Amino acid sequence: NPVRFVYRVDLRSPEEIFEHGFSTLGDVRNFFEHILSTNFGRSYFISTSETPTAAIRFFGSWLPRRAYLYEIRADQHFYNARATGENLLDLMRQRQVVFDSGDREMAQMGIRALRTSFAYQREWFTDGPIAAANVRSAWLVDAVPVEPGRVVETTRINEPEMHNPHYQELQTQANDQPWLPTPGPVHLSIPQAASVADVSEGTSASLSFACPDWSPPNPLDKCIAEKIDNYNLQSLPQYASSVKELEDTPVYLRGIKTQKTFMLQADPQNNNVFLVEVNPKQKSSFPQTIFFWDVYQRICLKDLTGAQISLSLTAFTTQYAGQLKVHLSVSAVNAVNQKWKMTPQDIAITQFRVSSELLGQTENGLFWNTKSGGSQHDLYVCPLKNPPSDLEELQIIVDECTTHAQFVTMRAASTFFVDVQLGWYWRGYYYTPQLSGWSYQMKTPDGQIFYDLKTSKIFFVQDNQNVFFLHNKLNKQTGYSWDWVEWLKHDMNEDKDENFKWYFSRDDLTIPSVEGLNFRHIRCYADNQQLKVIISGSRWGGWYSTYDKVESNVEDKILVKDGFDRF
C-alpha cells in the first residue's frame, strides 16, 4: 500500500496555509542536518508525518493552546527519512560514499539517532516546498489538560474537517525510493552538532517538527517543546532529560455500562492479557502490574524479560470473524496491531477510549464480555457499531484512585526492534530459517525474527526467555570464502562485535518483485560477508555468509517484511 496522504501540525491557520501552502526555510539540501536540526532554519526540506498521531506528538509537550493539523497529498518529491538513512548506511558499509565533511562513524551516530530517538516521527520529508494544491484539508487541534485536580495534557483532533478549495485530487503517491542528493560515488557531508527538542517524557523531536512557526529575528521562543538542547554528535543522548520524570502507573479501565472497574494484567510467561475486577480507591491485593504507552503508540509491559525483550499489547484476530483479542507479543516498532490511540470521552477528561490502528478508520474501542465467569476476563477490540449486546466498552479511567495522568501521553521507547520476518521464496513456496541454521518450508511467522535498531543485530525469538542472535563466522582466512552462519545466545546490549552486526541492501533488486515480494540483500558489518541460502542439493535451505559474488544454485534475495525500513 502506497503512501497517499501525510500530515503536519502547524501554528498557522488554513486562512494562510490553504493558499500559500508550506514554504521551505532555506536552500540547503543536507539530509543529516535536516535530521539532526544542525544550524536550524536553513533547510530545503519540509518535514511531514505518515500519521496524525505522530504529527501532533510534539504539540503534546508539558508547559487552551491550539494549532492546525493539515492533511497533505504526497507525490514523487516526498521521501521517507528512515528508508533514506538506511540506504546511506548501506552505501557507507559498502564503502561507496565520499565524505565531504566528517566521517562514517559520525554518520552512523546520526543514523542511530534517526532509527531510535526520532523514528516515531514516521517522517516523510519533501525535497523542496509543498504547493497549496497539495494541501487537502485541515483540522483544529488544541491541547486540554487531563483531570484538573508539571501539568499533563492531551491533544484533540477537532471536528470538523475544513476543506481546501485549492486542493486537487491528482492521484499521486509518495516516493518509495530513498532520497539521494545526485538522483541519477555518492558525496556526503556529516555535521558535528545536533539540536533536539525535548517534547517531554524523554521524547526527542527534530526542530523541523517542534518549531513549525520558524522565521529569523528569538525564533526558539516559538518552538513548542520543554526546551531545545545542543550536542556534538558523540554527545547526543538517547533520551531527553525529561525522561527522568517518568512516573510508573498501573492501568485501570471502567465499563461504560456496568461501571465496574478493572486493572489491566499481563503475564510474560504465556503472553496472556486479561482483566481483573477491582474496587477503586481501595488498592492493594492483586499485583499492580505496570504499563506505559510509547511514541510508537505501543502499550508496553514495564520491564524486560530474562532474554532482554519487551512485550506489548497486541490485537490478534481469532477463529471468530470480526473478533479481535488482546495478547502480548514482542514490542516491534512496525507492528500495526501493536498500535493504539487514546481519546478522551468526557468533558472532565478522565475517560479515554482506546482504539486499535489495526481497524484504521472504523471507530472501535476495548470491550469485555459482561457475562463471562471466572475472576480474570479476556480483553477484546470491537467496532463501536453493532457491538455484541453482551459486551461493553472498557475505557481508561484517569482519576484519583486509578490510572495516573501520565499514561495518556506518549513517552520515549525502551526498545527499538523491527519485525523483519526474514525468509526466502522458491517458485511459490516460502521458507523460514531455523535456529539450526537450516530452513523450513513455511512462511515465517509474525513476531519471530527481529532487527535491533540500537545495535544492528538480528535475533530470533524462540520464546520470551530464549533469544538467539545471527552470527557471522567467515573471514579472510576461511578457505573457499564462505562458511555457515549460526544462531547464538548473546547480550542484547553488546555493541562492539561486528560479526553480530547486519544491514540491508537494495542494490540492483527489483523492488517490489514482479510478484509483489519485498527482497533485500543482507551483509555483515565486519567485512561485508553476504548472507545467502542454498536452494537445493543435500544441503538445501542451509544459511551461510560469503565473499563469493558469482555462484550457482543459491538464493541471495531475502524476504524482509514490507515497511521494515520505514518505521
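Throughout, we count residues from 1 along the sequence that is shown.
Per the record, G149 and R150 are separated by a gap of 4 to 9 residues from the deposited sequence that were not modelled. The entry models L63 and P64 with a gap of 4 to 9 deposited residues left without coordinates. Annotation for 121-129 versus 275-283: the higher mean temperature factor (C-alpha) is found in 275-283. Relative to one another, 138-146 and 305-313 have unequal mean CA B-factors, and 138-146 is the one with the higher figure. Across the residues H163, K244, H490, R82, the deposited record lists the maximum Cα B factor for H163. Out of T203, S456, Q338, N386, the entry records its largest CA B-factor for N386.
Residue-level temperature factors show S43 in the highest third of its chain, judged at the C-alpha atom. Annotation for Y252: C-alpha temperature factor in the middle third relative to the rest of the modelled chain, per the entry. Among all modelled residues in this chain, the alpha-carbon of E551 has a temperature factor (C-alpha) in the middle third. Among the modelled residues of the chain, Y7 sits in the middle third by CA temperature factor in this PDB entry. For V28, the recorded CA temperature factor ranks within the highest third of the chain's modelled residues.
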